[PDB]
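Residue strings, one per chain:
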Amino acid sequence: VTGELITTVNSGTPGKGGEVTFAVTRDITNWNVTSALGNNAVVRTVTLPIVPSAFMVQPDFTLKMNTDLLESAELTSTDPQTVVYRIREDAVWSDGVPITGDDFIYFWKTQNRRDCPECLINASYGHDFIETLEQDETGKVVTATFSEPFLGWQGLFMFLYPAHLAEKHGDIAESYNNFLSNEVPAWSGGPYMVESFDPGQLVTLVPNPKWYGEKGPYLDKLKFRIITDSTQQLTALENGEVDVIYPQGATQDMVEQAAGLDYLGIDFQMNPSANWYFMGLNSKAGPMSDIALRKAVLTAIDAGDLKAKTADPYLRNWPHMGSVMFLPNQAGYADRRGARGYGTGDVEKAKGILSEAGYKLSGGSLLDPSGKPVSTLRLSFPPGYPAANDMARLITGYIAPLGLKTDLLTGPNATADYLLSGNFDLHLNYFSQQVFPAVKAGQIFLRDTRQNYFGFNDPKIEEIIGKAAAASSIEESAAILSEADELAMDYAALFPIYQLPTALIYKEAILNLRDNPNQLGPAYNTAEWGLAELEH
């Protein structure tokens, strides 16, 4: 029985001074997390201490307005939708220049698809729904007017950049694509700022002397040490080379090892991630273009056994995920997978689905309706996730009674970015869920979107997602979006499995360090990090 909540784990009041080193798994070649090439958890973690945010995702998956930056943010009208931001007078960049509407306007122009068509952004995420963005004479009152309703407005302006510096480095595209992406940032609007960068080795941050927030910073230096081999991170922690690690794809052996290091002052936190494992099925081409084969495969997969073999031995009460649009804790969630018989391990039902579509078993091999053997299925998955490797082998075994064979494929060319209609049949990977399911869904399920790898092609799904993204609450959005989840599961091109576990493993002298099991991650509150005081 504990008094800590997910939002208050490891709380305390640290002393002043000292250093903390946090291991990260990628080198930094792009410093702009909002760009296409900078959008990953490492860049996000390393730049969260320097980039101010209007709202921040918290460990309970809520959005909290940043009261260091903002006095208020208010939806002041809905005819048309209007949001007013009042920036604190004392919010300033590290050179003393106030943070103002100039910074909101610059970011909006880079993200809105219109004013900077050459900006190489990750995604607009609704900034394009803002049609006018104006500021008062003081620069501290910013009014956004929308061309149509948009639920996810608190997700906007989550990363602000110094417009007065960008303007010294070319036009907007040049400054966004070059200055803000390629240069080590000399500026900050947060508690820390970069002192030095040793490529491939170490980012060193120091306090921003003009930090304007309520708390911190407490450390003399905050360092991010680059360790690309994530399996060497626990050794580095034990040796004192780093004080915090946050590896992806934690295993039972990793948990047991970390637990054995308690005598060295090491502790750990683990939670269900916003990242969720899935198996995608190639509905565009190859054997999986036949929905009957997709449904038969999904019905034969035994999801209980999959989780029993790969999660249950070291993770208690770990939830199945039976939706492709909602995590188990989000409004709208239901087991739409199991409602359709997917994941039930039901070989006889799967064989019936195949027989009713004209397939036949001959000599232990499945024949397509024309009479030709179904090809060996190409099941690919990216490296670095032992659970995915184990699940690929288990899935091979579940479908072998259907007369199907698999070829297991991996390596650096087996990433989602490199998928082609012609180079896979099944693919195991993960998606990262967002606070607004309808916003994430618009990136995955629409024709011609960046993450529609498995061939969803349904104007009704797209219409539903658009209505859900226009709703006035997350709850109403979920009620609307549930219909799209049903239709997406009917199509059987995406099979949800379960959430990845996070693993934050660290020296317990560090206070206010806690898991934030979402894309924003543990560096959401570095102003509060510090070392516990020893006794005088």
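The record lists X-ray crystallography as the method behind this PDB entry and 1.42 Å as its resolution.

Under the PDB entry, the name given to the protein chain is Extracellular solute-binding protein, family 5, and the source organism is Chelativorans sp.. Its PDB record names the entry "Periplasmic EDTA-binding protein EppA, tetragonal". What UniProt states about the protein chain under its Sequence similarities (unreviewed entry) heading is, verbatim, "Belongs to the bacterial solute-binding protein 5 family."

K.L.:
Kindly report on the overall build of the protein chain, identifying the contributing residues and their values.
P.N.:
Across its full length, the protein chain holds 14 helices and 22 strands. Computed over the C-alpha atoms, the radius of gyration of the protein chain is 24 Å, within 12% of the 24 Å expected from 2.2 N^0.38 for a compact globule of 536 residues. Projected onto the principal axes, the alpha-carbon positions of the protein chain cover approximately 75 × 60 × 45 Å. In the protein chain, of all internal contacts separated by at least 6 residues, the share reaching a separation of at least 24 is 68%.

K.L.:
How would you explain the side chain of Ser482 if you had to name every residue and give the values?
P.N.:
In this fold, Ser482 is placed in helix α14 (residues 474-491). With a relative accessible area of 14%, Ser482 lands in the buried category. Engagement of the side chain of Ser482 in a polar contact is seen with the side chain of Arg336, the distance being 3.4 Å. Among all residues touching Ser482, those that are not within four sequence positions of it are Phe326, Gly332 and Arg336.

K.L.:
Could you give an account of the side chain of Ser124, with specific residues and numbers?
P.N.:
With respect to the helices, strands and loops of the structure, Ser124 is situated in the loop between α2 (101-111) and β6 (130-135). Polar contacts involving the side chain of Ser124 include one to the main-chain carbonyl oxygen of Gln111, which spans 2.7 Å.

K.L.:
Let's hear about α2: which residues, and what values?
P.N.:
With 9 of 11 residues buried, α2 lies mostly within the body of the structure. When we look at burial in α2, the residues that qualify are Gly101, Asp103, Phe104, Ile105, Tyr106, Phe107, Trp108, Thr110 and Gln111. Where α2 is buried, its residues touch β4 (70-78), β5 (81-87), β6, β7 (141-146), α3 (163-166) and α4 (172-182). Trailing α2 by a residue or two, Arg113 shows a phi angle of about 75 degrees, which is positive.

Analysis parameters
Residues numbered from 1 in each chain as written, not as in the entry; some residues may be left out. Heavy atoms only, no water. Residues with missing side-chain atoms left out of burial classes, pairs and counts. UniProt positions renumbered as here; feature names shortened; annotations may be inferred. Helix = DSSP H or I, 4+ residues; strand = E, 2+ residues; numbered from the N terminus. Rg over C-alpha atoms; globule rule 2.2 N^0.38 Å. Contact = heavy atoms within 4.5 Å. Buried < 20%, exposed > 50% of the residue type's maximum accessible area, 1.4 Å probe, protein only. Polar contact = N/O pair within 3.5 Å; in protein donor to acceptor, adjacent residues only side chain to side chain.

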